[PDB]
Amino acid sequence: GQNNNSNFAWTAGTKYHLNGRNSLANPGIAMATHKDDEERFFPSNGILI
Amino acid sequence: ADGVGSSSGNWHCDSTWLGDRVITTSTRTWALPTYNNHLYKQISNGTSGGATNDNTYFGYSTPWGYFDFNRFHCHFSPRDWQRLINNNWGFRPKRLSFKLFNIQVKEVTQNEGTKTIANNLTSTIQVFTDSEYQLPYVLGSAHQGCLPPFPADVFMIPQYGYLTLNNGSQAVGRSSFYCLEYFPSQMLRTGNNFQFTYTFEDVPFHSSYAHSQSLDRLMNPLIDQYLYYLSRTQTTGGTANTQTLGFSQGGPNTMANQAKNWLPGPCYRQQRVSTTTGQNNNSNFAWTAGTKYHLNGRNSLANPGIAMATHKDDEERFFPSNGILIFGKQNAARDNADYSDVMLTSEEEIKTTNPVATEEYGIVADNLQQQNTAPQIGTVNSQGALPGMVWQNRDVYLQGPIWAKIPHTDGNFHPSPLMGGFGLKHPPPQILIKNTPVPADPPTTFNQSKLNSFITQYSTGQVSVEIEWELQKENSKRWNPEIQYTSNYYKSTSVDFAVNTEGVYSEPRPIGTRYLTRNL
Amino acid sequence: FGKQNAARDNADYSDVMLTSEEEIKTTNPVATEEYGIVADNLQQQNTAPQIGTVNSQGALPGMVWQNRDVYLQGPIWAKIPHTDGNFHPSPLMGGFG
Amino acid sequence: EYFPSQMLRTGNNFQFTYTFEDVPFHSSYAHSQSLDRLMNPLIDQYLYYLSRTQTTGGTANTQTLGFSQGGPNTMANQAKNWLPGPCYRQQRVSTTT
Amino acid sequence: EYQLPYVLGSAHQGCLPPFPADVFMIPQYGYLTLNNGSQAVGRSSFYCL
Amino acid sequence: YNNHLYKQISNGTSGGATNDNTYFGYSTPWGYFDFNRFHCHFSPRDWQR
Amino acid sequence: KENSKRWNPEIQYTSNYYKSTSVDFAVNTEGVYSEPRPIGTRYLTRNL
Amino acid sequence: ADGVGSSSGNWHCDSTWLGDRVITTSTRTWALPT
């Protein structure tokens, strides 16, 4: 219920461009998943699942 | 025993291949003029003229001159360059030898309208190497005046000069002045010769290959991943679509979604230009739209810049505005030369791991999505090093520079010269040469001021340079045939890489070193 | 740095001494200016080229730089944190890492 | 108090020695050259740069490509091997309030 | 001698099972090379095992 | 696998695929071993130790 | 071994640079290996 | 062996510092009239 009502997984994804071809940056560089008391949040393509 | 009647050296031009090493040797004939009438001179440029602040300088021009062998065609014939690039994965320099011999000093006197030239057998020349790197190093800026590619040409030795710190056209207190006469040098009459040897430091092999894989295609195309990615934020196929979370495994039909271990190299973005002029914008944007860096209030074009792929697939006609090396054809004009008169290099082979120069690096998030507010993205035009990046350097050409001196600094990142080459802490030392001044007749009464009258004079001789190169052999299980550099089969008015009817040697096009391929 | 007997809080400009890193201008960009200019779009006959200003720039292949200077009043060393990775571990207040 | 320590009365002393690890020399010098001025001011380059996108001196100016060699009067246009160090931009303050 | 495209390292299914009593199927080997669309270019390599 | 054959395999935009997903390559008759996950080598108890 | 003082570059056998539906000297989608064209051995040159 | 074609000396201009001593060397070019 807290997310935006849209299908943004690909359009809002974090990506890199190579030779005219877009690749999702997954999981990407190592970054902290969330801050204090924000366990319910995660990066869109930033973690292992 | 050396004498006027005995030659002090022989002509050596050869290439020798011995399994893992190749040794090149070149000999040329040079002529050295007297520069600046034996004087050091302060030279500077400031805004008081029409010059802008970006172009100001302060420095000195010396009476001396220097040797430059720092282009590859100094050491390789076009055929020898073909043997190298078609069969080896990599190569690097090892050691070198230098010789200076068969010196002739000549004097020219001019009376009325007639001119005569004679030998001066007792004159000398002065030569020294700066092997402690105590002078400003001007080698490495891609200046004219190297040894000619064609062995029968006779070349003029360029004049040495240097720059120091400036403010406008003025000098500051840290500005240094150097006298080349303050170094110990060897003096040679017509029967003397000069030589020294040098060893290169350990340096990585130049990569002379193109990748047969791209960085985003390293997976097995048959098998699924066991990792999941977020594939759905919203319900589909219903009267009212709602929020949900959906996950999928990455697989053959979605490669753009799979998890990967590596990232493309860094990006500093260039403006795109077409060789079809009708497609360009109707404006003079070369300087205003140029890609530049700022240093001490002074703008410098970033040229060629970091190594980036020149264009993407089926876009050969586009090139970065100041992002590539450009060579001139024989007899091409100095200023405002036409497109036909120049040769453009291409870095298309590094597309596999390096981003295209005229495109963005990628996309990142700008805000925090909420039920009330939709997500927003932003474009990354310049990207610094990130953990997990891999990249290739720029290629080397037969017409291009071999090495550069790494600046002496607290820190550097990946010190490969951006015009391409081998970065060296202790490069081959620069070699300085000058005609010794010979005064004319002084007055018969003493005068304290320095003599300003001299005998007009110049010198000639031969110079040899020999370099040993280490080779990295190609070891490959590829089944199908490779791409190789070849000459054209069809008939033509002249032969490429030869003289014409006039006797002018020309180089048809630039030749890189990337033909053989390797897996990523 | 503070002058002798300078206040702890809200000291005047006269009461303090300011260091200068003007000597590294030769290889290091000025702190209050941009790094450079890059392209923003793709020029066409219909659309003019656009540029953008680079305010923060990460390491690029081919960069050279100097560290910050040390002072007679300043720190000598710092301990490098124990981590998986670091980039050019010279202490930013100046010194020996 | 969970570490072993030496206890000293008024007649006791304490000492130890330490060796520094290999570390680069602090650079105590300023450069006499700037990174964008490493070229020989007398000689032209053999490389070319794009100097003209448009025809000049005519009734109607049109698209064209022009190339020039870099030289003494255009140093800002020459090809170079090196780049300035990294940037993280600061706001500017004057000592004249 | 690392003369083949290395497909290990992409987190594919088909490793040895975590539980020692399970019997597993061996995965099929394959590889990718350079492409333009669905076509191949001249640098594309073919390998025979 | 593949009835003992090597086969050319590719994906292009001629179908419904987008440009980001195109590829060209080969599927071999061979197969390979993969031990590259940690639970191949460690029991949950040994991972705890 | 070839030992030659020729200055200009020789003619060499090479694969085509341009894109194509298949790779030369490889299998096709069916799995049939084919040989595109005959290849001789005369590329390097010698004086008469 | 000295001859017309062989130089009899080299150019030496240097300063060397060795703890408690310094050694200077200079070379100049001169002209002598009658």
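About the thresholds
Residues numbered from 1 in each chain as written, not as in the entry; some residues may be left out. Chains lettered and ligands numbered in written order. Part of a larger assembly, values for the part shown. Heavy atoms only, no water. Helix = DSSP H or I, 4+ residues; strand = E, 2+ residues; numbered from the N terminus. Buried < 20%, exposed > 50% of the residue type's maximum accessible area, 1.4 Å probe, protein only. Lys, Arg positive; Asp, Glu negative; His and termini not counted. Charge placed at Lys NZ, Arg CZ, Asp CG, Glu CD. Contact = heavy atoms within 4.5 Å. Buried area = accessible area lost by both parts, 1.4 Å probe. Salt bridge = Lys/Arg side-chain N within 4 Å of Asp/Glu carboxyl O. Polar contact = N/O pair within 3.5 Å; in protein donor to acceptor, adjacent residues only side chain to side chain. Pairing = 2+ DSSP bridges. Axes fitted to C-alpha atoms, helices over the stretch in contact; angles between N-to-C directions. Patch = residues over 30% accessible without salt bridge, like charges linked within 9 Å, V, L, I, M, F, W, Y side chains within 5 Å. Areas by Shrake-Rupley, 256 points an atom, 1.4 Å probe, with all protein chains shown as cover. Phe/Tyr/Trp six-rings, centres within 6.5 Å; stacked < 30°, edge-to-face > 60°. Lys NZ or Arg CZ within 6 Å of the ring centre and 35° of its normal. Disulfide = S-S within 2.5 Å.

Per the deposited record, determination of this structure is attributed to cryo-EM, with the resolution reported as 2.41 Å.

This part takes up the overall build of chain E. Looking only at helices and strands, chain E features zero helices and three strands. Order of helices (α) and strands (β) in chain E, N terminus to C terminus: β-β-β. When the backbone C-alpha atoms are referred to their principal axes, chain E occupies close to 45 × 30 × 15 Å. Among the 49 residues that make up chain E, the fraction classed as buried is 47%.

On to the overall build of chain G. Across its full length, chain G carries zero helices and zero strands. Each principal axis of the C-alpha distribution contributes one length, and for chain G these read about 45 × 20 × 15 Å. For chain G, with 48 residues in total, the buried portion stands at 21%. Each charge class in chain G was averaged separately, 7 positive and 5 negative side chains, and the resulting centres sit 12 Å apart.

This part takes up the interface of chain B and chain F. If you look at the interface, chain B gives 11 residues, while chain F gives nine residues. Both sides together, the interface formed by chain B and chain F hides about 800 Å², and carbon and sulfur atoms give 53% of it. Taken together, the links from chain B to chain F amount to zero salt bridges. At the surface where chain B touches chain F, the tally comes to four residue pairs in polar contact.

Taken residue by residue, the interface counts 50 residues in chain D and 80 residues in chain B. In terms of surface lost to chain B, no three residues of chain D exceed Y46(D), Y48(D) and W82(D), which account for 14% of the buried area on that side. If you look at where chain D meets chain B, you find two salt bridges. Where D36(D) meets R298(B), a salt bridge forms, and the shortest distance between an N and an O atom there is 3.0 Å. At the junction of chain D with chain B, the criterion picks out 39 residue pairs in polar contact.

Once that is clear, we can look at the sheet that holds strand β1 (residues 7-11) of chain F. Taken together, the three strands give an open sheet; going across it, the order is β1(E)-β2(F)-β1(F), and neighbouring strands pair in antiparallel fashion. The open sheet terminates on both sides in strands that have one partner only, identified here as β1 (28-33) of chain E together with β1 of chain F. Strand-to-strand twist across the sheet, computed as the mean angle between neighbouring axes with direction ignored, equals 30 degrees. As paired elements, β1(F) and strand β2 (residues 23-31) of chain F share five bridges and run antiparallel to each other. When the sheet's bridge partners are listed, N11(F) is paired in β2(F) with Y23(F).

The subject of this paragraph is the sheet that holds strand β1 (residues 36-39) of chain C. Read across the sheet, four strands follow the order β22(B)-β21(B)-β1(C)-β2(C) without closing on themselves; strand pairing throughout is antiparallel. In this open sheet, the two edge strands, each paired with only one partner strand, are β22 (298-301) of chain B together with β2 (51-54) of chain C. With strand direction ignored, the average angle separating the axes of adjacent strands in the sheet is 25 degrees.

Once that is clear, we can look at helix α1 (residues 78-87) of chain B. Residues and elements named next belong to chain B. Counting buried positions along α1 gives nine out of 10 residues, so the element sits mostly inside the fold. Of all the positions in α1, only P78, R79, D80, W81, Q82, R83, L84, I85 and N86 are classed as buried. Next to the buried residues of α1 lie β1 (14-18), β5 (88-111) and β34 (457-473).

Of all 13 pairs of chains in contact, the one with the most contacts involves chains B and D. As for chain D relative to chain A, no contact occurs, and the smallest C-alpha gap between them is 20 Å. The least C-alpha distance between chain C and chain F, which are not in contact, is 20 Å.

Let's shift gears to a nonpolar patch on the surface. The grouping of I76(C), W77(C), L8(D), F14(D), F16(D), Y18(D) and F20(D) at the surface amounts to a nonpolar patch, some 910 Å² of accessible area in total. In this fold, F14(D) is placed in the segment before β1 (48-54).

Looking now at the packing of aromatic side chains. All names here are of chain B. Throughout the structure, instances matching the rule amount to 49 aromatic pairs over all chains. Ring centres of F98 and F196 lie 5.3 Å apart, and the angle between their planes is 35 degrees; this geometry places the pair in the tilted category. One end of the pair, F98, is in strand β5; the other, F196, is in strand β13 (residues 194-199), and 98 residues separate them in sequence. One exposure class covers both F98 and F196, and it is buried. Every member of this aromatic cluster is reached through a ring pair, and the members are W30, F67, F69, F98, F194, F196, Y198, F200 and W403. Above the plane of the ring of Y209 lies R518, whose end atom (NZ or CZ) is 5.4 Å from the centre.

As a further point, take the side chain of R79(B). Within the secondary structure, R79(B) sits in helix α1. Overall, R79(B) belongs to the buried group, its relative accessible area being 5%. For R79(B), the residues in contact, after removing those within four places along its chain, are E2(G), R6(G), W7(G), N8(G), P9(G), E10(G) and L44(G).

Under the definition given, this model contains zero disulfides over all chains. Free of any disulfide, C146(B) has its nearest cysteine sulfur in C74(B), 4.9 Å distant. Here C87(D) stays free of any disulfide, with the sulfur of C267(B) as its closest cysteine sulfur at 17 Å.

Moving on: the side chain of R478(B). Along the polypeptide, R478(B) turns up in the loop between β34 and β35 (517-518). Here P481(B) takes part through its backbone oxygen, which lies 2.9 Å from a polar atom of the side chain of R478(B). A polar side-chain atom of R478(B) sits 3.5 Å from the main-chain carbonyl oxygen of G42(E).

We now examine the pairing of β2(F). Of the pairings in the sheet, the one linking β1(E) to β2(F) comprises five bridges and is antiparallel in character. Across the sheet, the residue bridging to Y31(E) is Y26(F), located in β2(F).

Our focus in this paragraph is the environment of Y35(C). Secondary-structure assignment places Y35(C) in the segment before β1. We classify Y35(C) as buried; its relative accessible area is 1%. Placed 59 residues apart in sequence, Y35(C) and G94(C) show a C-alpha to C-alpha distance of 22 Å. Setting aside residues no more than four positions away along its own chain, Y35(C) makes contact with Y268(B), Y293(B), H294(B), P29(C), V54(C), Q57(C), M63(C), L83(D), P84(D), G85(D) and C87(D).

Scanning all chains against the criterion turns up 30 salt bridges over all chains. As a salt-bridge pair, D80(B) and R83(B) come within 2.5 Å of each other at their nearest N and O atoms. You can see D80(B) and its partner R83(B) sitting in helix α1, three residues apart, about one turn around the helix. The residue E347(B) makes a salt bridge to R514(B) at a minimum N-O spacing of 3.9 Å. Pair noted here: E347(B) is in the loop between β25 (342-344) and β26 (362-365) and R514(B) is in the loop between β34 and β35, with a separation of 167 residues, a long-range link. Each member of the pair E347(B) and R514(B) is classed as buried. Within this structure, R79(B), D80(B), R83(B) and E2(G) form a network of salt bridges that share partners.

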